[PDB]
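The next block is data_36.txt, given as compact mmCIF, C-alpha atoms and all ligand atoms.
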# COMPACT_ATOMS: atom_id res chain seq x y z
CA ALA U 33 -27.38 142.97 -47.83
CA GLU U 34 -29.82 145.46 -49.44
CA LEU U 35 -31.69 145.54 -46.12
CA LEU U 36 -28.56 146.32 -44.14
CA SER U 37 -28.08 149.32 -46.45
CA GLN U 38 -31.67 150.67 -46.15
CA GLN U 39 -31.50 150.46 -42.35
CA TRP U 40 -28.26 152.40 -42.24
CA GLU U 41 -29.28 154.89 -44.98
CA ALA U 42 -32.48 155.86 -43.17
CA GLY U 43 -31.13 155.89 -39.59
CA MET U 44 -28.22 158.08 -40.70
CA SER U 45 -30.50 160.38 -42.72
CA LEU U 46 -32.24 160.86 -39.38
CA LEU U 47 -29.24 161.64 -37.18
CA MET U 48 -28.11 164.07 -39.90
CA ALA U 49 -31.49 165.82 -40.10
CA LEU U 50 -31.34 166.09 -36.32
CA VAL U 51 -27.90 167.76 -36.32
CA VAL U 52 -28.94 170.06 -39.18
CA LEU U 53 -32.01 171.01 -37.11
CA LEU U 54 -30.12 171.55 -33.87
CA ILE U 55 -27.49 173.81 -35.48
CA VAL U 56 -30.05 175.78 -37.51
CA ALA U 57 -32.48 176.17 -34.58
CA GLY U 58 -29.80 176.96 -32.02
CA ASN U 59 -28.12 179.67 -34.06
CA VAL U 60 -31.24 181.35 -35.48
CA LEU U 61 -32.18 181.69 -31.81
CA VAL U 62 -28.93 183.49 -30.99
CA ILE U 63 -29.23 185.82 -34.00
CA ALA U 64 -32.88 186.63 -33.23
CA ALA U 65 -32.24 187.07 -29.45
CA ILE U 66 -29.44 189.58 -30.11
CA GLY U 67 -31.53 190.92 -33.03
CA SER U 68 -34.49 191.72 -30.81
CA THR U 69 -32.99 192.91 -27.47
CA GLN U 70 -31.42 196.37 -26.88
CA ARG U 71 -30.27 194.92 -23.57
CA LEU U 72 -28.21 192.36 -25.52
CA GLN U 73 -26.87 194.52 -28.36
CA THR U 74 -23.39 195.03 -26.77
CA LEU U 75 -20.35 195.40 -29.04
CA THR U 76 -19.09 191.99 -27.95
CA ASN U 77 -22.34 190.30 -29.10
CA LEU U 78 -21.83 191.72 -32.57
CA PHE U 79 -18.85 189.34 -32.71
CA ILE U 80 -21.05 186.56 -31.30
CA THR U 81 -23.59 187.22 -34.11
CA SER U 82 -20.75 186.96 -36.64
CA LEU U 83 -19.65 183.67 -35.06
CA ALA U 84 -23.24 182.33 -35.10
CA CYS U 85 -23.53 183.23 -38.82
CA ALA U 86 -20.46 181.10 -39.43
CA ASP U 87 -22.16 178.22 -37.63
CA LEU U 88 -25.42 178.93 -39.44
CA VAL U 89 -23.50 178.44 -42.74
CA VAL U 90 -22.26 175.07 -41.45
CA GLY U 91 -25.90 174.08 -40.70
CA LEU U 92 -27.57 175.13 -43.97
CA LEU U 93 -24.76 174.30 -46.40
CA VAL U 94 -21.76 172.44 -45.04
CA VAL U 95 -23.52 169.67 -43.13
CA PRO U 96 -26.41 168.98 -45.53
CA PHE U 97 -23.98 168.50 -48.42
CA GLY U 98 -21.66 166.36 -46.30
CA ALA U 99 -24.69 164.38 -45.17
CA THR U 100 -25.72 163.45 -48.72
CA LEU U 101 -22.15 162.21 -49.22
CA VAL U 102 -22.06 160.13 -46.03
CA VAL U 103 -25.56 158.68 -46.47
CA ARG U 104 -25.66 157.95 -50.19
CA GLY U 105 -22.00 156.88 -50.62
CA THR U 106 -20.95 159.32 -53.37
CA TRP U 107 -21.03 162.97 -54.41
CA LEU U 108 -24.17 163.64 -56.44
CA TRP U 109 -23.71 167.33 -57.20
CA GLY U 110 -20.89 167.64 -59.74
CA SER U 111 -17.40 169.13 -59.86
CA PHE U 112 -18.12 172.80 -59.21
CA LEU U 113 -20.39 172.28 -56.24
CA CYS U 114 -17.86 169.89 -54.70
CA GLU U 115 -15.11 172.54 -54.74
CA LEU U 116 -17.49 175.27 -53.53
CA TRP U 117 -18.64 172.94 -50.78
CA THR U 118 -15.01 172.40 -49.73
CA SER U 119 -14.43 176.19 -49.88
CA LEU U 120 -17.31 176.96 -47.53
CA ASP U 121 -16.11 174.28 -45.13
CA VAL U 122 -12.62 175.78 -44.92
CA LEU U 123 -14.15 179.30 -44.90
CA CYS U 124 -16.24 178.61 -41.76
CA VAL U 125 -13.55 177.14 -39.54
CA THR U 126 -11.26 180.01 -40.47
CA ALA U 127 -13.81 182.75 -39.70
CA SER U 128 -14.74 180.96 -36.48
CA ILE U 129 -11.25 180.91 -34.97
CA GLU U 130 -10.45 184.37 -36.31
CA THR U 131 -13.64 185.69 -34.68
CA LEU U 132 -12.62 184.06 -31.38
CA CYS U 133 -9.33 185.95 -31.62
CA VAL U 134 -11.10 189.25 -32.08
CA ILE U 135 -13.30 188.42 -29.03
CA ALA U 136 -10.30 187.61 -26.82
CA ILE U 137 -8.62 190.80 -28.02
CA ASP U 138 -11.79 192.88 -27.45
CA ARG U 139 -11.88 191.53 -23.88
CA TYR U 140 -8.19 192.08 -23.19
CA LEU U 141 -8.50 195.72 -24.24
CA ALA U 142 -11.74 196.37 -22.31
CA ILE U 143 -10.17 194.95 -19.16
CA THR U 144 -6.70 196.57 -18.95
CA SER U 145 -7.46 199.87 -20.70
CA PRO U 146 -11.14 200.55 -19.95
CA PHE U 147 -10.52 204.21 -20.77
CA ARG U 148 -8.63 203.68 -24.04
CA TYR U 149 -11.12 200.95 -24.96
CA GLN U 150 -14.14 203.23 -24.42
CA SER U 151 -12.91 206.04 -26.67
CA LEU U 152 -11.74 203.57 -29.34
CA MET U 153 -14.50 200.90 -29.73
CA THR U 154 -17.67 202.01 -31.58
CA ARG U 155 -20.41 200.24 -33.57
CA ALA U 156 -19.14 201.38 -37.00
CA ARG U 157 -15.71 199.98 -36.03
CA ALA U 158 -16.99 196.62 -34.74
CA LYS U 159 -18.65 196.24 -38.16
CA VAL U 160 -15.33 196.98 -39.88
CA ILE U 161 -13.61 194.34 -37.71
CA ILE U 162 -16.23 191.71 -38.58
CA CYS U 163 -15.94 192.26 -42.33
CA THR U 164 -12.15 192.44 -42.27
CA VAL U 165 -12.28 189.02 -40.55
CA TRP U 166 -14.56 187.58 -43.23
CA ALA U 167 -12.39 189.09 -46.00
CA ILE U 168 -9.11 187.68 -44.58
CA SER U 169 -10.88 184.33 -44.13
CA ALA U 170 -12.31 184.23 -47.65
CA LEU U 171 -8.91 185.25 -49.02
CA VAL U 172 -7.13 182.42 -47.23
CA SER U 173 -9.76 179.74 -48.04
CA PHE U 174 -11.44 180.41 -51.45
CA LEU U 175 -8.54 181.53 -53.54
CA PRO U 176 -6.17 178.58 -52.96
CA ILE U 177 -9.05 176.21 -53.44
CA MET U 178 -10.48 177.80 -56.59
CA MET U 179 -6.93 178.18 -57.87
CA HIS U 180 -6.28 174.43 -57.34
CA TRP U 181 -3.18 175.01 -55.17
CA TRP U 182 -4.53 172.13 -53.08
CA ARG U 183 -4.21 169.53 -55.92
CA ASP U 184 -1.79 166.61 -56.22
CA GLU U 185 -0.03 164.65 -58.96
CA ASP U 186 -0.50 161.22 -57.38
CA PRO U 187 -2.29 158.46 -59.35
CA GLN U 188 -4.94 158.23 -56.57
CA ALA U 189 -5.43 162.01 -56.68
CA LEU U 190 -6.19 162.04 -60.42
CA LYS U 191 -8.37 158.92 -60.11
CA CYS U 192 -10.64 161.08 -57.96
CA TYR U 193 -10.45 164.55 -59.67
CA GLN U 194 -11.65 163.14 -62.99
CA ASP U 195 -14.49 161.12 -61.35
CA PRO U 196 -17.57 163.36 -60.73
CA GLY U 197 -18.80 161.08 -57.95
CA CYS U 198 -15.69 161.72 -55.88
CA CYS U 199 -15.47 164.64 -53.49
CA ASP U 200 -12.67 163.33 -51.29
CA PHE U 201 -10.45 166.45 -50.97
CA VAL U 202 -7.15 164.70 -51.57
CA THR U 203 -4.57 167.50 -51.21
CA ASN U 204 -0.76 167.77 -51.51
CA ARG U 205 1.60 167.93 -48.46
CA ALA U 206 2.33 171.65 -48.94
CA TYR U 207 -1.31 172.76 -48.90
CA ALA U 208 -2.04 170.53 -45.89
CA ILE U 209 0.59 172.19 -43.75
CA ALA U 210 0.17 175.74 -45.10
CA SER U 211 -3.59 175.58 -44.77
CA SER U 212 -3.44 174.19 -41.26
CA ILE U 213 -0.91 176.76 -40.07
CA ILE U 214 -2.63 179.72 -41.73
CA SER U 215 -6.29 178.81 -41.14
CA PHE U 216 -6.03 177.23 -37.70
CA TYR U 217 -2.73 177.02 -35.81
CA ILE U 218 -1.66 180.69 -35.89
CA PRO U 219 -5.03 182.09 -34.77
CA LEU U 220 -5.29 179.16 -32.26
CA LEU U 221 -1.98 180.27 -30.66
CA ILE U 222 -2.87 183.98 -30.65
CA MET U 223 -6.21 183.11 -29.08
CA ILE U 224 -4.55 181.02 -26.36
CA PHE U 225 -1.88 183.61 -25.45
CA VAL U 226 -4.49 186.44 -25.34
CA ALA U 227 -6.92 184.21 -23.40
CA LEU U 228 -4.38 183.56 -20.61
CA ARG U 229 -3.35 187.23 -20.44
CA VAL U 230 -7.07 187.94 -20.00
CA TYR U 231 -7.15 185.26 -17.27
CA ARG U 232 -4.18 186.81 -15.47
CA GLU U 233 -5.74 190.29 -15.27
CA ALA U 234 -9.06 188.65 -14.38
CA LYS U 235 -7.83 187.06 -11.13
CA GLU U 236 -5.89 190.22 -10.26
CA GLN U 237 -9.16 192.02 -9.29
CA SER U 278 -19.54 196.26 -6.98
CA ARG U 279 -18.59 192.69 -5.88
CA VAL U 280 -21.94 191.57 -7.40
CA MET U 281 -21.00 193.60 -10.53
CA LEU U 282 -17.58 191.91 -10.81
CA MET U 283 -19.04 188.41 -10.33
CA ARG U 284 -21.54 188.99 -13.12
CA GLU U 285 -18.68 190.04 -15.42
CA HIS U 286 -16.49 187.08 -14.56
CA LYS U 287 -19.49 184.85 -15.27
CA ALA U 288 -19.64 186.28 -18.81
CA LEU U 289 -15.86 185.90 -19.30
CA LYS U 290 -15.91 182.25 -18.28
CA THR U 291 -18.74 181.68 -20.78
CA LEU U 292 -16.44 183.09 -23.49
CA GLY U 293 -13.63 180.98 -22.00
CA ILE U 294 -15.79 177.87 -22.44
CA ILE U 295 -16.77 178.89 -26.04
CA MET U 296 -13.04 178.91 -26.93
CA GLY U 297 -11.96 175.79 -25.02
CA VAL U 298 -14.73 173.68 -26.58
CA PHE U 299 -13.98 174.99 -30.09
CA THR U 300 -10.37 173.97 -29.42
CA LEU U 301 -11.29 170.44 -28.25
CA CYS U 302 -13.62 169.85 -31.21
CA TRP U 303 -10.99 170.96 -33.80
CA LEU U 304 -7.52 170.38 -32.34
CA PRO U 305 -7.71 166.57 -32.82
CA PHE U 306 -8.44 166.90 -36.56
CA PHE U 307 -5.71 169.48 -37.31
CA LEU U 308 -3.20 167.43 -35.32
CA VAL U 309 -4.02 164.40 -37.46
CA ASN U 310 -4.04 166.52 -40.61
CA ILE U 311 -0.38 167.35 -39.89
CA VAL U 312 0.75 163.88 -38.80
CA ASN U 313 -0.70 162.28 -41.97
CA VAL U 314 1.80 164.27 -44.03
CA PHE U 315 4.63 162.36 -42.26
CA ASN U 316 2.98 158.95 -41.65
CA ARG U 317 -0.41 157.66 -42.87
CA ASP U 318 0.00 154.53 -40.77
CA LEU U 319 0.06 156.20 -37.41
CA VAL U 320 -3.72 156.94 -37.19
CA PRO U 321 -6.67 154.74 -38.37
CA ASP U 322 -8.65 156.30 -41.21
CA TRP U 323 -12.12 156.08 -39.46
CA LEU U 324 -10.83 158.23 -36.57
CA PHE U 325 -9.50 160.89 -38.95
CA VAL U 326 -13.07 161.02 -40.38
CA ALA U 327 -14.59 161.06 -36.83
CA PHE U 328 -12.42 164.01 -35.84
CA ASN U 329 -13.70 165.95 -38.86
CA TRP U 330 -17.30 165.38 -37.71
CA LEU U 331 -16.53 166.35 -34.19
CA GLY U 332 -15.49 169.62 -35.92
CA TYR U 333 -18.83 170.06 -37.67
CA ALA U 334 -20.58 169.26 -34.35
CA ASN U 335 -19.05 172.31 -32.64
CA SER U 336 -21.56 174.48 -34.60
CA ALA U 337 -24.32 173.05 -32.36
CA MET U 338 -22.65 173.82 -29.03
CA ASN U 339 -22.49 177.62 -28.62
CA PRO U 340 -26.25 178.17 -28.35
CA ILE U 341 -26.41 175.53 -25.59
CA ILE U 342 -23.44 177.09 -23.78
CA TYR U 343 -25.00 180.61 -23.98
CA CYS U 344 -27.66 179.15 -21.63
CA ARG U 345 -25.42 180.05 -18.69
CA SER U 346 -26.66 183.59 -19.33
CA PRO U 347 -29.97 184.66 -17.71
CA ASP U 348 -30.35 187.34 -20.44
CA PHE U 349 -29.94 184.81 -23.30
CA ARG U 350 -32.21 182.32 -21.53
CA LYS U 351 -35.05 184.86 -21.12
CA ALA U 352 -34.78 185.83 -24.79
CA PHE U 353 -34.73 182.14 -25.86
CA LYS U 354 -38.09 181.51 -24.16
CA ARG U 355 -39.68 184.83 -25.22
CA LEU U 356 -38.72 184.00 -28.84
CA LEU U 357 -39.86 180.35 -28.94
CA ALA U 358 -43.34 181.79 -28.04
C1 LIG U 401 -22.00 182.82 -48.99
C2 LIG U 401 -21.10 182.70 -47.74
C3 LIG U 401 -19.67 183.14 -48.08
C4 LIG U 401 -21.69 183.37 -46.47
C5 LIG U 401 -21.60 184.92 -46.41
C6 LIG U 401 -21.40 185.42 -44.96
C7 LIG U 401 -21.30 186.96 -44.77
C8 LIG U 401 -21.88 187.74 -45.96
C9 LIG U 401 -21.91 187.37 -43.38
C10 LIG U 401 -21.43 186.40 -42.26
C11 LIG U 401 -21.29 187.25 -40.98
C12 LIG U 401 -22.10 188.48 -41.35
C13 LIG U 401 -21.99 189.67 -40.39
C14 LIG U 401 -22.36 189.27 -38.95
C15 LIG U 401 -22.66 190.35 -38.12
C16 LIG U 401 -22.93 191.65 -38.51
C17 LIG U 401 -23.27 192.69 -37.41
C18 LIG U 401 -24.34 193.75 -37.84
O1 LIG U 401 -24.09 194.97 -37.08
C19 LIG U 401 -24.97 196.02 -37.23
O2 LIG U 401 -24.53 197.10 -37.63
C20 LIG U 401 -26.48 195.87 -36.89
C21 LIG U 401 -26.74 195.06 -35.60
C22 LIG U 401 -27.35 195.90 -34.46
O3 LIG U 401 -26.76 196.96 -34.15
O4 LIG U 401 -28.38 195.44 -33.92
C23 LIG U 401 -24.39 194.07 -39.36
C24 LIG U 401 -24.23 192.83 -40.25
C25 LIG U 401 -22.91 192.07 -40.01
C26 LIG U 401 -21.69 192.98 -40.28
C27 LIG U 401 -22.87 190.81 -40.94
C28 LIG U 401 -22.51 191.15 -42.42
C29 LIG U 401 -22.47 189.91 -43.35
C30 LIG U 401 -21.60 188.77 -42.78
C31 LIG U 401 -20.09 189.12 -42.87
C1 LIG U 402 -4.48 184.85 -41.68
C2 LIG U 402 -4.08 184.51 -40.22
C3 LIG U 402 -2.67 183.92 -40.13
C4 LIG U 402 -4.16 185.75 -39.34
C5 LIG U 402 -4.99 185.59 -38.06
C6 LIG U 402 -4.93 186.93 -37.28
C7 LIG U 402 -6.33 187.48 -36.96
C8 LIG U 402 -7.12 186.47 -36.14
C9 LIG U 402 -6.38 188.81 -36.17
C10 LIG U 402 -5.05 189.23 -35.52
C11 LIG U 402 -5.23 190.74 -35.31
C12 LIG U 402 -6.63 191.02 -35.83
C13 LIG U 402 -6.85 192.47 -36.29
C14 LIG U 402 -6.79 193.44 -35.11
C15 LIG U 402 -7.19 194.72 -35.52
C16 LIG U 402 -7.85 195.07 -36.71
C17 LIG U 402 -8.23 196.53 -36.98
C18 LIG U 402 -9.75 196.54 -37.09
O1 LIG U 402 -10.46 197.82 -36.78
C19 LIG U 402 -10.55 198.77 -37.73
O2 LIG U 402 -9.80 198.76 -38.69
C20 LIG U 402 -11.63 199.85 -37.55
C21 LIG U 402 -11.08 201.26 -37.78
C22 LIG U 402 -11.93 202.04 -38.80
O3 LIG U 402 -13.04 202.49 -38.41
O4 LIG U 402 -11.45 202.16 -39.96
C23 LIG U 402 -10.00 195.80 -38.43
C24 LIG U 402 -9.67 194.30 -38.26
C25 LIG U 402 -8.24 194.01 -37.74
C26 LIG U 402 -7.23 194.07 -38.89
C27 LIG U 402 -8.19 192.64 -37.05
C28 LIG U 402 -8.47 191.50 -38.05
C29 LIG U 402 -8.17 190.09 -37.48
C30 LIG U 402 -6.73 190.05 -36.98
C31 LIG U 402 -5.75 190.32 -38.13
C1 LIG U 403 -17.31 186.34 -47.63
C2 LIG U 403 -17.23 187.81 -47.20
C3 LIG U 403 -16.14 188.56 -47.98
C4 LIG U 403 -16.44 190.06 -48.09
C5 LIG U 403 -16.22 190.59 -49.52
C6 LIG U 403 -15.29 191.82 -49.54
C7 LIG U 403 -16.07 193.15 -49.57
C8 LIG U 403 -15.26 194.28 -48.90
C9 LIG U 403 -16.08 195.03 -47.83
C10 LIG U 403 -17.02 196.14 -48.40
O1 LIG U 403 -17.39 196.08 -49.58
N1 LIG U 403 -17.43 197.12 -47.56
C11 LIG U 403 -16.94 197.18 -46.15
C12 LIG U 403 -17.93 196.53 -45.16
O2 LIG U 403 -17.83 197.18 -43.88
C13 LIG U 403 -18.31 198.20 -48.11
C14 LIG U 403 -19.19 198.93 -47.08
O3 LIG U 403 -18.48 200.06 -46.54
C15 LIG U 403 -20.54 199.37 -47.70
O4 LIG U 403 -21.64 198.97 -46.86
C16 LIG U 403 -20.60 200.89 -48.07
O5 LIG U 403 -21.34 201.03 -49.29
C17 LIG U 403 -21.20 201.84 -46.99
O6 LIG U 403 -20.67 201.54 -45.68
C18 LIG U 403 -20.91 203.31 -47.32
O7 LIG U 403 -22.11 204.00 -47.68
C1 LIG U 404 -3.21 178.97 -48.18
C2 LIG U 404 -2.88 177.71 -48.98
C3 LIG U 404 -1.52 177.87 -49.66
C4 LIG U 404 -1.04 176.57 -50.32
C5 LIG U 404 -0.13 176.92 -51.50
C6 LIG U 404 0.91 175.84 -51.75
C7 LIG U 404 1.16 175.66 -53.26
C8 LIG U 404 2.42 174.82 -53.51
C9 LIG U 404 2.48 174.26 -54.93
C10 LIG U 404 2.59 172.72 -54.91
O1 LIG U 404 3.05 172.17 -53.92
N1 LIG U 404 2.17 172.05 -56.00
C11 LIG U 404 1.62 172.74 -57.19
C12 LIG U 404 0.11 173.01 -57.12
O2 LIG U 404 -0.05 174.37 -57.52
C13 LIG U 404 2.18 170.58 -56.13
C14 LIG U 404 3.42 169.79 -55.69
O3 LIG U 404 3.53 169.81 -54.26
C15 LIG U 404 3.20 168.32 -56.11
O4 LIG U 404 2.29 168.28 -57.22
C16 LIG U 404 4.47 167.52 -56.48
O5 LIG U 404 5.64 168.33 -56.69
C17 LIG U 404 4.70 166.32 -55.51
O6 LIG U 404 5.53 165.34 -56.16
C18 LIG U 404 5.22 166.70 -54.10
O7 LIG U 404 6.62 167.02 -54.09
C1 LIG U 405 -17.39 158.59 -43.92
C2 LIG U 405 -17.84 157.76 -42.68
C3 LIG U 405 -18.43 158.65 -41.55
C4 LIG U 405 -19.54 157.96 -40.72
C5 LIG U 405 -19.66 158.57 -39.31
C6 LIG U 405 -20.54 159.85 -39.23
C7 LIG U 405 -20.76 160.30 -37.77
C8 LIG U 405 -21.92 161.29 -37.59
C9 LIG U 405 -21.45 162.47 -36.73
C10 LIG U 405 -22.35 162.86 -35.52
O1 LIG U 405 -23.38 163.51 -35.74
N1 LIG U 405 -21.91 162.56 -34.26
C11 LIG U 405 -20.65 161.77 -34.03
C12 LIG U 405 -19.40 162.65 -33.82
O2 LIG U 405 -18.25 161.82 -33.82
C13 LIG U 405 -22.70 162.92 -33.04
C14 LIG U 405 -22.25 164.27 -32.40
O3 LIG U 405 -23.33 165.24 -32.44
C15 LIG U 405 -21.67 164.12 -30.96
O4 LIG U 405 -20.23 164.11 -31.03
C16 LIG U 405 -22.11 165.23 -29.95
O5 LIG U 405 -23.54 165.19 -29.78
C17 LIG U 405 -21.43 165.14 -28.56
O6 LIG U 405 -20.00 165.06 -28.68
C18 LIG U 405 -21.76 166.36 -27.69
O7 LIG U 405 -23.10 166.27 -27.20
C1 LIG U 406 -12.40 166.83 -46.11
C2 LIG U 406 -13.46 167.85 -45.70
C3 LIG U 406 -14.76 167.16 -45.31
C4 LIG U 406 -13.75 168.82 -46.85
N1 LIG U 406 -12.97 168.59 -44.55
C5 LIG U 406 -12.24 169.85 -44.63
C6 LIG U 406 -11.80 170.22 -43.21
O1 LIG U 406 -12.98 170.60 -42.49
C7 LIG U 406 -10.79 171.30 -43.20
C8 LIG U 406 -11.16 172.50 -42.58
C9 LIG U 406 -10.31 173.59 -42.49
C10 LIG U 406 -9.03 173.51 -43.04
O2 LIG U 406 -8.19 174.58 -42.96
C11 LIG U 406 -8.59 172.25 -43.70
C12 LIG U 406 -7.18 172.24 -44.27
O3 LIG U 406 -6.72 170.96 -44.68
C13 LIG U 406 -9.50 171.17 -43.76
NA NA U 407 -14.06 164.47 -58.32

Would it be possible to restate this file's structure as structure tokens?
Amino acid sequence: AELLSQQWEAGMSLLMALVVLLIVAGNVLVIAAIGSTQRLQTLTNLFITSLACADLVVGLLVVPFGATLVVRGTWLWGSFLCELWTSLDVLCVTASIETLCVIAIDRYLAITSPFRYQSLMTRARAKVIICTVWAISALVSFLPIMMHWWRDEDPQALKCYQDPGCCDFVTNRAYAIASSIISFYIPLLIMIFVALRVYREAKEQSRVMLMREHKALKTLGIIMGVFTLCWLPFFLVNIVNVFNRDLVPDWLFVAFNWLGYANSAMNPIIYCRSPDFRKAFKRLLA
């Protein structure tokens, strides 16, 4: 009884601390490696840094908070922090997929208009892109949440909003679909379309130089495909719930959300296909 709890509490607190550590280590590495290598300060990696910041925010803030909830069984941090926690969660996924769109666009341009691309893309402009992405993302995630557009009238819903120990995120059907379409599905579709255009013009192509490039593009390809596998199952279930809560077991809907959080750990590992990243990872770790 009370032993079964202690075992679970402490073993979970461990797995959580491990994930926290892996995300936070992995992404600090990426930021520092780009931060301390002129070789690796390309325009494209500015977008990678932005992406790794998003994952960093999942490691320091999203996952710790969510861990305390999973381990201890309730929300211990009050109303305001619960909403702000939810905000940051939605914020991160949105910035992540929007940054992936920028990256696929950056690559499409650089590959079919290398001349137009050169005279257009500068450092001051890649900064503007990155902030515009974070602004759009914060707009679409904070405001509806802090304005309670996500709330429902249900008895269950109000049971939970009054209770300070509840941080369930029970939303209405409108917010569920709007949020999914605006935060995930639309950028997901843009990023697919632009990723297959990029793959067309990739095949339709000094040989050593082109192999090294296509290695980098596949890396980016993997980045995207894995982000899509980690999140697509959750946003599919998010939708289907609105029409039928009986079609998918609750535990799996929770699982799928964690799979999402887990994606924050994967990019630094995947960037180990790069010799340049790998040399900077070792040099840094001292
Ligand atoms: C409290 C929550 C909402 C988190 C707040 C996150 C933002 C304030 C962070 C996340 C991504 C960051 C950006 C990620 C990458 C860059 C690239 C970087 O480009 C450079 O001009 C210097 C890099 C170089 O040339 O070596 C400047 C900071 C900037 C715009 C960062 C500005 C601040 C951002 C938008
Ligand atoms: C809210 C959801 C439904 C929209 C998801 C779309 C975004 C992932 C992408 C699509 C096109 C992208 C835009 C493509 C081009 C630009 C111009 C870009 O470059 C500059 O403005 C620099 C020029 C300067 O120096 O002033 C700023 C970001 C922005 C709006 C990008 C922001 C992110 C956008 C809107
Ligand atoms: C959750 C994130 C949400 C971001 C919050 C919105 C802020 C809007 C962006 C912004 O304030 N800037 C654009 C950022 O590019 C200002 C910068 O231009 C600033 O640094 C300037 O003072 C100098 O560039 C000029 O000397
Ligand atoms: C970018 C995110 C944008 C989401 C914005 C959607 C806001 C829609 C407003 C809304 O739907 N409600 C008001 C909340 O402001 C709640 C109602 O849906 C609900 O309370 C009842 O009418 C139920 O009985 C369902 O029919
Ligand atoms: C509210 C009750 C929720 C209780 C269940 C919480 C599950 C904890 C989530 C977690 O950390 N993982 C399970 C994820 O389902 C492990 C992941 O790190 C794992 O998926 C990845 O390591 C691999 O997929 C890739 O190597
Ligand atoms: C329920 C909990 C843990 C806050 N998950 C939120 C989930 O990660 C999520 C992320 C992004 C989104 O756009 C939505 C929209 O329903 C939900
Ligand atoms: Na509550």

Counting only C-alpha atoms and all ligand atoms, which residues of chain U fall within 7 Å of ligand LIG 405 (chain U), and what is the closest atom pair for each with its distance in Å at one decimal, ordered by chain and rising number, as CSV?
residue,atom,partner,partner_atom,distance
U:47,CA,U:LIG405,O1,6.3
U:48,CA,U:LIG405,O1,6.3
U:51,CA,U:LIG405,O1,6.2
U:102,CA,U:LIG405,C1,5.4
U:323,CA,U:LIG405,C2,6.8
U:326,CA,U:LIG405,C3,6.0
U:327,CA,U:LIG405,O2,4.8
U:328,CA,U:LIG405,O2,6.5
U:330,CA,U:LIG405,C9,5.2
U:331,CA,U:LIG405,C12,4.7
U:334,CA,U:LIG405,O3,5.2

Go through the chains and note each residue within 6 Å of ligand LIG 401 (chain U), using only C-alpha atoms and all ligand atoms, then give the set as a ChimeraX atom specification.
-> /U:67,73,78,81-82,85,159,162-163,166

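When only C-alpha atoms are used to compute distances to residue 290 in chain U, the closest of the residues U:222, U:136, U:350, U:338 turns out to be U:136.
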
Return as a PyMOL selection string the residues of protein, DNA or RNA that approach ligand LIG 406 (chain U) to within 6 Å, with only C-alpha atoms and all ligand atoms taken into account.
-> chain U and resi 118+121-122+125+201+208+211-212+215+329

Preceding selection exported with C-alpha atoms as a PDB file, in the coordinates of the input:
ATOM      1  CA  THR U 118     -15.010 172.400 -49.730  1.00  0.00           C
ATOM      2  CA  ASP U 121     -16.110 174.280 -45.130  1.00  0.00           C
ATOM      3  CA  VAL U 122     -12.620 175.780 -44.920  1.00  0.00           C
ATOM      4  CA  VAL U 125     -13.550 177.140 -39.540  1.00  0.00           C
ATOM      5  CA  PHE U 201     -10.450 166.450 -50.970  1.00  0.00           C
ATOM      6  CA  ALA U 208      -2.040 170.530 -45.890  1.00  0.00           C
ATOM      7  CA  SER U 211      -3.590 175.580 -44.770  1.00  0.00           C
ATOM      8  CA  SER U 212      -3.440 174.190 -41.260  1.00  0.00           C
ATOM      9  CA  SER U 215      -6.290 178.810 -41.140  1.00  0.00           C
ATOM     10  CA  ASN U 329     -13.700 165.950 -38.860  1.00  0.00           C
TER      11      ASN U 329
END

CA of residue 307 in chain U and CA of residue 319 in chain U, how far apart in Å?
->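 Distance reported for this atom pair: 14.5 Å.
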
For ligand LIG 402 (chain U), which of U:141, U:358, U:133, U:308 is the closest residue, counting only C-alpha atoms and all ligand atoms?
-> U:133

Would you compute an axis-aligned box for range 318-330 of chain U, covering every atom listed for it in the file with 8 Å of margin on each side, and report centre and edge lengths in Å to one decimal as lines of an AutoDock Vina configuration file?
center_x = -8.6
center_y = 160.2
center_z = -38.5
size_x = 33.4
size_y = 27.4
size_z = 21.4

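Counting all atoms listed in the file, residue 88 in chain U has the following residues at most 8 Å away, ignoring those fewer than 3 positions along the same chain: residues 55, 56, 59, 60, 84, 85, 91, 92 and 336 of chain U.
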
Shortest interatomic distance to residue 139 in chain U - which of U:292, U:189, U:199, U:113, counting only C-alpha atoms |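 Nearest to residue 139 in chain U: U:292.
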
Give the answer as one residue: which of U:129, U:192, U:83, U:314 has the shortest atom-to-atom distance to ligand NA 407 (chain U), using only C-alpha atoms and all ligand atoms?
->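 Distance minimum relative to ligand NA 407 (chain U) lands on U:192.
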